Amino acid sequence: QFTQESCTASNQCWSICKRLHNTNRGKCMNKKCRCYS
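What counts and what doesn't
- Residues numbered from 1 in each chain as written, not as in the entry; some residues may be left out.
- Heavy atoms only, no water.
- Residues with missing side-chain atoms left out of burial classes, pairs and counts.
- Buried < 20%, exposed > 50% of the residue type's maximum accessible area, 1.4 Å probe, protein only.
- Helix = DSSP H or I, 4+ residues; strand = E, 2+ residues; numbered from the N terminus.
- Arc of directions from axis to C-beta.
- Contact = heavy atoms within 4.5 Å.
- Core = buried A, V, L, I, M, F, W, Y, C linked by side-chain atoms within 4.5 Å.

Its PDB record attributes the structure to solution NMR.

Okay, structure coming up:
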């Protein structure tokens with residue numbers, strides 16, 4: 001559920017998604033992370 005948090009990689013965005021919406025299905029876009037479920 002897209003945030004104003006930053007990423008380096010998608011693989012990394014997952015970690016952020018785990019502490020966001022307990023998921024590993026995130027994507028990194030313009031050094032920002034977007035997550036699912």
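Okay, back to it.
Student: Before we move on, can you summarise helix α1 (residues 10-21) with the specific residues and values?
Tutor: Of all the positions in α1, only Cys13, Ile16 and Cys17 are classed as buried. Seen along its axis, α1 keeps its buried residues to an arc of 105 degrees; they face one direction. When the buried face of α1 is taken as reference, the exposed residues oriented beyond 90 degrees from it are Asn11 and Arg19. Those residues of α1 hidden inside the fold are in contact with β1 (26-29) and β2 (32-35).

Student: Run through the nonpolar core, naming residues and quoting values.
Tutor: One finds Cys7, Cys13, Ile16, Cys17, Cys33 and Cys35 forming the largest nonpolar core, which totals six residues. Listed by contribution, the elements that provide at least two residues to this core are α1 and β2. The greatest single-element share of this core, amounting to three residues, is contributed by α1. Beyond its immediate stretch of four places on either side in the chain, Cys33 contacts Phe2, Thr3, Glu5, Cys7, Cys13, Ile16, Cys17 and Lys27.

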